[PDB]
Amino acid sequence: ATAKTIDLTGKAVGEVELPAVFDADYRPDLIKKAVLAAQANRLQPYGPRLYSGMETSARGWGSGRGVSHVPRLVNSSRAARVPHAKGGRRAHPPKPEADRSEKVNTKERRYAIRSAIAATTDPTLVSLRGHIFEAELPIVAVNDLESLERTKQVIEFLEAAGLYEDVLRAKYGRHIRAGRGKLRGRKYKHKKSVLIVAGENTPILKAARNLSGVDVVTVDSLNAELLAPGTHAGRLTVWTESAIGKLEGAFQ
Amino acid sequence: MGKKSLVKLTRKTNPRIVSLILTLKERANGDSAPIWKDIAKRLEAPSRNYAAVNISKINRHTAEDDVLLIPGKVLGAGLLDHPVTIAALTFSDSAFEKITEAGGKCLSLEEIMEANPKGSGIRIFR
Amino acid sequence: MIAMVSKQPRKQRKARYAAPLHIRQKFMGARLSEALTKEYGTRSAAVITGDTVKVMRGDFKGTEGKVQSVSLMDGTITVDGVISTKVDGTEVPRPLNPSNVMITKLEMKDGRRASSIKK
Amino acid sequence: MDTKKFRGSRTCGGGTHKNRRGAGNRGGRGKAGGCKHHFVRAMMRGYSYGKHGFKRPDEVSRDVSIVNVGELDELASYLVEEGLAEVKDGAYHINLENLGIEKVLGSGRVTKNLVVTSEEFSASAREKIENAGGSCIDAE
RNA sequence: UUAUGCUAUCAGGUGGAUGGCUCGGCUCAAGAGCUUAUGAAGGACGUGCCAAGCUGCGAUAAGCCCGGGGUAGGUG
RNA sequence: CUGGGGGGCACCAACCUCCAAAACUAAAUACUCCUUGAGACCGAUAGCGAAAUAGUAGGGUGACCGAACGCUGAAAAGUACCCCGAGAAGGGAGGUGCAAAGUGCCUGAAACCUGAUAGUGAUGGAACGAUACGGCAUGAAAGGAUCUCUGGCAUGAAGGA
RNA sequence: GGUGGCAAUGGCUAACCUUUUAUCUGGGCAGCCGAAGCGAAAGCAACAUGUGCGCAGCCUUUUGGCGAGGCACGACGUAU
Ligand SMILES: [Mg+2]
Ligand SMILES: [Mg+2]
């Protein structure tokens, strides 16, 4: 329905009627399913080598030799080729031909996306989910927001709209990860601040890009990860008039 | 509501069903009407065996201006002749259009439980 | 020059470890003093034997002196004044790292030095 | 099976450790043991031995699509709404070869006036169509 | 001061587990794809100031000449 | 050519359809020695047999089989001088370093071995322990203070002299 | 089996294209299952409720009445 529109100076300069996507009921399980399916589809095959631990010609000694019945080397008494022998193969390892992609029907995936979009209207879900804000949900901005081209201007707008403390929270929450993930490329653990939505590709997708936590996307690139990080809806977001225009029958 | 009904409640995932079950038991205690407790025990059954009722069955059995509780979904297959009130858990779009064209209403279980405190003349279908 | 497709620690450490010896000249980089940077337009420079440095980190914060030698493979420089003593007693140079020093006087003798600093 | 349910069970739900050896604890591989020692199971599954009948070539055979008169009658308004049918002088002129149906059966009631053209007609379908005042044309 | 011993804890020896680190491995994707009688791939022998192995090289033997890039050190 | 073939048993007829027994021809595809990128992959008995002086040491007449071995510190500052000793062994004292981390040197478990402390012990019977009561030793932190010990008073179920 | 989306005007797409690097958004009606069965085959082609008993639930004189789903009949399609 109606929501206040705020300019880059922070003053309400209109009252636009929201489309029917924003008016839907919250369904955690559908969002869960959609996010899990997409994260499963990102994955990448792995597994050991084809003949690992088995390139050998070991034979058993049989009985009467006073020892066990495992295969041994032909010119020694060292066991080989079996899963409980040192250097032997592994029983049931991962396989590169295993297919781990998940399926979700288009109707229920769109329904979960609508449910997640309508969740950003509720102040309670956003507030308890982690963020800090002092604005009137939902936040809607005039279409000149796509014209901003320097990060300083975006920071000025965020400060004037009461959404900069979340950006600072994400900046100072960046912290080193624990475990074997540091050595493989995942050195930090990040935080999610704010999502900016624009109708069409503009310089705003390049200006509000370096700001910590902020993810900027166009209306034709919304999925369930962006709106429910970790399968929890209630992500702070900003829209524009063009983005509101794009969502008359977007996911219905 | 022993541990048995608590387990059957814990299996569910959709929040609206859980809220319906709890509020139905509360309202049943409030009005001393076993209708709401019955509907709660029906909604708490396995999800595979819910009710799916076609328009033809309602047309076959009901009469002019009845009130109907369907703990399931009403499907559109058949022809509806006369006005009817069908408060069901969900409607398909064709069913909604047919009931609206006939001149009836399609109100959820919350609306029926709020409007009528006792169900003085409700007919359960399946 | 190794783009953002080198975000893996194994690749970065391979690049820094097995580098061609003409790339190890770039790792001898140190900040310039204010006058040097505002008269050459480069925020930094490379350290070469014969110039005066000001140590900024470690046990010798603030001590100045010339650079007495540079080794490409090791990646360390040697400075006047900064020394360590043997058990029997013999003052020895202590190696440092050029990213812990500041250049205050450049040594212009090559002629190609000015072009080498910038462009 | 649930592997974690059986950490510390040894046999893992099989009884003795002398079960779960190989193919001899199943009676053979595949549908093996047709009628010596699996005959009762063979008859109950639906794998009884025998050959019965013949087949005609698929070049000549056809599988006709069907539609009953009740179905065709009930959804006639939607058919004219989609522009499939036609409503000249009241009676519905509905052609079955544009839908994709090659035969009209007769289960159900007919009350509206229908002028149905198709290839095939059961006798009862024709009787029900013409007892409602309609006409049927053998479409050629 | 009850010897030879038994049980438990502590200090030390031997040993190399656990933890932390890792220029290595493995899998997938995108590219690119022939060479040799103008003597190839592979091998033997030699080649360093002190040089045994590996790597490179061929009696011009960890190497020679020319053009570009690079700039103050180099001698696997 | 007024010819020939085909239309899932052979022949006849109608109808439909094509022109063998000579030749070439890009793109869409397959693969990975190799180059680049990525990873809910392994992390030194794992991952390739090999974190490569690894197809090596070694084993077989031969076809061929085939290992183990990573880590000082920020900086060698890698123990000056003195005494013992046959000593370029090694020990003591004395130094370097935040810290010996003292060279195959990060941390440094158990089995096993040496010493010390507590209990017991040369008249004594065994699955090495569970439960209750005592001796001796300990009981700083993390455990108790109407808590531990000893008694008085009030109510007291089953039972009950 | 437990939980869900859609629902006779049924459900789902496959390869692939849009990939802007493997995600993702939007297309993709070829096809599969359901919708009519019986029969070796040629072939033929059914109840969109006719009757009764009655649980839940509702009404009621607390005894009876209505009674979805359930059960039992009747009628019909085809094969012999
Ligand atoms: Mg292995
Ligand atoms: Mg190994």
# chains A, B, ... in the order shown; residues from 1 in each chain; ligands from 1
$ residues_around --residues "residue 18 in chain E" --least-positions-apart "4" --cutoff "12 Å" --atoms "only C-alpha atoms (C1' of nucleotides)" --output "number ranges by chain"
F: 107-110
$ closest_atom_pairs --of "chain G" --to "chain B" --cutoff "12 Å" --atoms "only C-alpha atoms (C1' of nucleotides)" --output "CSV"
residue,atom,partner,partner_atom,distance
G:1,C1',B:48,CA,9.5
G:2,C1',B:11,CA,7.4
G:3,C1',B:12,CA,6.8
G:4,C1',B:14,CA,8.6
G:6,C1',B:92,CA,8.6
G:7,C1',B:75,CA,6.9
G:8,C1',B:77,CA,6.4
G:9,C1',B:94,CA,7.2
G:10,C1',B:77,CA,10.7
G:48,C1',B:56,CA,7.4
G:49,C1',B:60,CA,8.5
G:56,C1',B:38,CA,8.2
G:57,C1',B:35,CA,6.5
G:58,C1',B:121,CA,5.6
G:59,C1',B:121,CA,8.0
G:66,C1',B:123,CA,10.6
G:67,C1',B:123,CA,9.4
G:68,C1',B:125,CA,4.4
G:69,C1',B:126,CA,5.7
G:70,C1',B:126,CA,11.7
$ write_last_selection --atoms "C-alpha atoms (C1' of nucleotides)" --output "PDB file, in the first residue's frame"
ATOM      1  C1'   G G   1       5.741 -42.770   4.993  1.00  0.00           C
ATOM      2  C1'   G G   2       6.423 -36.993   7.506  1.00  0.00           C
ATOM      3  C1'   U G   3       6.032 -31.961   5.468  1.00  0.00           C
ATOM      4  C1'   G G   4       4.734 -28.794   1.385  1.00  0.00           C
ATOM      5  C1'   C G   6      -0.602 -26.294  -7.520  1.00  0.00           C
ATOM      6  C1'   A G   7      -5.284 -28.780  -8.766  1.00  0.00           C
ATOM      7  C1'   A G   8      -9.813 -31.650 -14.131  1.00  0.00           C
ATOM      8  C1'   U G   9      -9.978 -24.470 -16.797  1.00  0.00           C
ATOM      9  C1'   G G  10      -4.786 -30.835 -14.076  1.00  0.00           C
ATOM     10  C1'   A G  48     -21.817 -36.128 -12.740  1.00  0.00           C
ATOM     11  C1'   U G  49     -26.515 -40.487  -7.497  1.00  0.00           C
ATOM     12  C1'   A G  56     -18.587 -37.618  13.799  1.00  0.00           C
ATOM     13  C1'   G G  57     -21.004 -33.000  14.020  1.00  0.00           C
ATOM     14  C1'   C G  58     -25.646 -30.027  14.507  1.00  0.00           C
ATOM     15  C1'   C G  59     -30.923 -29.495  16.244  1.00  0.00           C
ATOM     16  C1'   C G  66     -30.913 -34.460   9.703  1.00  0.00           C
ATOM     17  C1'   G G  67     -26.542 -37.080   8.649  1.00  0.00           C
ATOM     18  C1'   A G  68     -20.459 -35.306   4.563  1.00  0.00           C
ATOM     19  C1'   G G  69     -16.910 -39.444   4.787  1.00  0.00           C
ATOM     20  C1'   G G  70     -17.878 -45.289   5.733  1.00  0.00           C
TER      21        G G  70
END
$ residues_around --residues "range 14-19 of chain G" --least-positions-apart "6" --cutoff "9 Å" --atoms "only C-alpha atoms (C1' of nucleotides)" --output "NGL selection string"
:G and (26-28 or 30-31)
$ residues_around --residues "residue 177 in chain A" --least-positions-apart "6" --cutoff "12 Å" --atoms "only C-alpha atoms (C1' of nucleotides)" --output "mmCIF file with C-alpha atoms, in the first residue's frame"
data_model
loop_
_atom_site.group_PDB
_atom_site.id
_atom_site.type_symbol
_atom_site.label_atom_id
_atom_site.label_comp_id
_atom_site.auth_asym_id
_atom_site.auth_seq_id
_atom_site.Cartn_x
_atom_site.Cartn_y
_atom_site.Cartn_z
ATOM 1 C CA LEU A 183 43.857 -21.811 4.722
ATOM 2 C CA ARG A 184 41.351 -22.390 1.903
ATOM 3 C CA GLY A 185 40.320 -18.831 1.081
ATOM 4 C CA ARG A 186 37.606 -18.054 3.629
ATOM 5 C CA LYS A 187 39.633 -15.917 6.032
ATOM 6 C CA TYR A 188 36.882 -13.723 7.517
ATOM 7 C CA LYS A 189 33.259 -13.931 8.593
ATOM 8 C CA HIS A 190 31.209 -11.076 7.175
#
$ closest_residue --among "F:36, F:28, F:49, F:98" --to "ligand 1" --atoms "only C-alpha atoms (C1' of nucleotides) and all ligand atoms"
F:49
$ residues_around --residues "residue 105 in chain F" --least-positions-apart "5" --cutoff "12 Å" --atoms "only C-alpha atoms (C1' of nucleotides)" --output "PyMOL selection string"
chain F and resi 71-73+78+100
$ closest_atom_pairs --of "chain E" --to "chain A" --cutoff "7 Å" --atoms "only C-alpha atoms (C1' of nucleotides)" --output "Markdown table"
| residue | atom | partner | partner_atom | distance |
| --- | --- | --- | --- | --- |
| E:26 | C1' | A:48 | CA | 5.9 |
| E:27 | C1' | A:46 | CA | 4.4 |
| E:28 | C1' | A:45 | CA | 6.1 |
$ write_last_selection --atoms "C-alpha atoms (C1' of nucleotides)" --output "PDB file, in the first residue's frame"
ATOM      1  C1'   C E  26      43.044 -34.161  -5.717  1.00  0.00           C
ATOM      2  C1'   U E  27      38.470 -32.742  -8.403  1.00  0.00           C
ATOM      3  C1'   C E  28      35.701 -29.467 -11.597  1.00  0.00           C
TER       4        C E  28
END
$ select_by_dssp --residues "chain B" --states "helix (DSSP H, G or I)" --output "ChimeraX atom specification"
/B:3-11,15-31,34-43,55-61,93-102,109-115
$ interface_residues --of "chain D" --to "chain B" --cutoff "10 Å" --atoms "only C-alpha atoms" --output "CSV table (one decimal) with C-alpha atoms, in the first residue's frame"
chain,number,residue,atom,x,y,z
D,71,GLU,CA,-18.0,-33.4,-20.2
D,74,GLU,CA,-20.7,-28.9,-19.1
D,75,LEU,CA,-17.7,-27.0,-20.4
